[PDB]
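Next comes just one chain, in structure tokens: the form deposited in one PDB entry.
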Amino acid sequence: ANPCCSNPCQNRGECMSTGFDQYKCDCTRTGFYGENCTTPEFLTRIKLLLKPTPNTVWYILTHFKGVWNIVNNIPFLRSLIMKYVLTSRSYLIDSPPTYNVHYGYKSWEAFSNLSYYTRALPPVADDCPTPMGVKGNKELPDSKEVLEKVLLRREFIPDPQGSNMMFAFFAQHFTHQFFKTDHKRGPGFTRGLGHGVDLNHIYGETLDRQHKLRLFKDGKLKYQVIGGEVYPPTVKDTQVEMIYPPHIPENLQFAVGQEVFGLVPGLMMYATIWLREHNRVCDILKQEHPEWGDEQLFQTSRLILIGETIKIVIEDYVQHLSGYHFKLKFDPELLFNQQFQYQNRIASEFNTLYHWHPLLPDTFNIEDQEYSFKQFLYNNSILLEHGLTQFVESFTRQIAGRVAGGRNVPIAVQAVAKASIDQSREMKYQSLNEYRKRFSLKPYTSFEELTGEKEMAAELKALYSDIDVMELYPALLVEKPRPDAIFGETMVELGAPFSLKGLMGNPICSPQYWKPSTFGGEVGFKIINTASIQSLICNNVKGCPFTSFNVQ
């Protein structure tokens, strides 16, 4: 019934009903006008014929290694490039946020209520004839069918970019501070009221949880010593709630910021690393400031670790999966003369695209042993023995799965992968081609153009019938990968704007915060600005083992 169900407004113009069967497009500040915001203005037609495709820009970024070697060694040139990639990725994101799962129009409820994941595209209205608006059948194809035919793993397909388990667990650990779905309320709801990098997965979301985790001495986090090694404290000791099956012994019920980090030893490994890092920074800050009390030591350390995180995420993590020869750089100052909002709201689609299930291996290989999922889940005794030591060394060695390309979702987590599809439909996501348009990408004209092959393309065409009906999440895992890349075009071009917004939108990146006294002076500032995944491990893991997000 809703006349806006067909999504008739193009180029990010907004649709509004004006009658029971009539609509209007608001073309304000789109660069276009006309009934559907499709006829371009003069300056717009100039930009459109000058803006290179994302695949072209990707090509330039991933080739000419010698040229980028010169550029990377020229500070003013490097900063200039990093500035551009920052600003253009940012303008793609609505900030302050607009829609959520219950509001396909701007409202104060949608803006103010921090319990919602925001939304990059409004939901399809409930009174639309089809799930995607007006196209397709009354029901989307059977999600079991999609899952089994084009997503499930026959045999392991390794990432050609060489991502390892250090990367995969880092991705899970890091993003689980802002992907905290409130399952009581629904998939479109979050428990992460910070909506970004606040390290609540280390420090707890609430003050009460934080204080239970605190030592209240020298700014430090509580911990225990097992075999001369430092590990998180137990549930019995701190009384903080953790999720654990009942058969788990008390001495292994480790207590950390995120309640669910006890379920994967890979998570607990990073939880331990960061706990050691915080207490390390406390020691440094106490050395510099003997006059400081516990509270200032703790807070400043936390601000420093927030900095380290953002540093490591941009210059190691995002650097690795980008495949760029250009050396990405964390430098807040690059935005000081730019128009930029120091705020973020985490989008539901950013949650959805991050369901990187095919990253997981068939078995978790730690030195001699090869563990199954059942052996690996809720099992921290694995962590203890092999250690922080062998865990880093082993996870650095083991290859991870390719995400795009199709048919690489491990069978164990098929329930989780089906859930991703079903919840996307529950939240009334628009089609793949809609999101591609929302992010300045050309819509696919066939399933073959999407997959880059024929077998899976034919399978999808039988299921969905029309390419404009194809859903975002399955397309992300079945999309044609870039040449020897882990990802297709859609994943990168959606993920990068969301990610950099989250990273740079942090208050510590704002001019009033980005100065040495915020971090206890030059020494604390230095810890931020020289952070790396390697130094993170080196300072806190015994023996300083080598590490990387890629297989050696």
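A residue's number is simply how far along the shown sequence it sits, counting from 1.
As for the form deposited with a small molecule bound, it is not shown, yet the points below apply to it.
Q: Could you check which residue among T181, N72, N279, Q398 gets a heavy atom within 4.5 Å of the small molecule in the deposited complex?
A: Here the answer is residue option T181.
Q: Quick one: from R302, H176, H289, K428, grab the residue that has a heavy atom within 4.5 Å of the small molecule in the deposited complex.
A: It is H176.
Q: Flag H355 as yes or no: does it have a non-hydrogen atom within 4.5 angstroms of any non-hydrogen atom of the small molecule in the deposited complex?
A: Contact with the small molecule, yes.
Q: Hey, in the deposited complex, does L263 get a heavy atom within 4.5 angstroms of the small molecule?
A: Contact with the small molecule, yes.
Q: Would you please decide whether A168 lies within 4.5 angstroms of the small molecule in the deposited complex, comparing each non-hydrogen atom pair?
A: Residue-level check for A168: yes, a contact with the small molecule.
Q: Residue-level question: is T234 within 4.5 Å of the small molecule in the deposited complex, judged on heavy atoms?
A: No, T234 is distant from the partner.
Q: Is it the case in the deposited complex that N200, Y203 and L297 each bring at least one heavy atom within 4.5 Å of the small molecule?
A: No, the candidate spot makes no contact with the small molecule.
Q: Looking at 118-126, 217-225, 280-288, 355-363, which one sits within 4.5 Å of the small molecule in the deposited complex if you count heavy atoms only?
A: It is the stretch 355-363.
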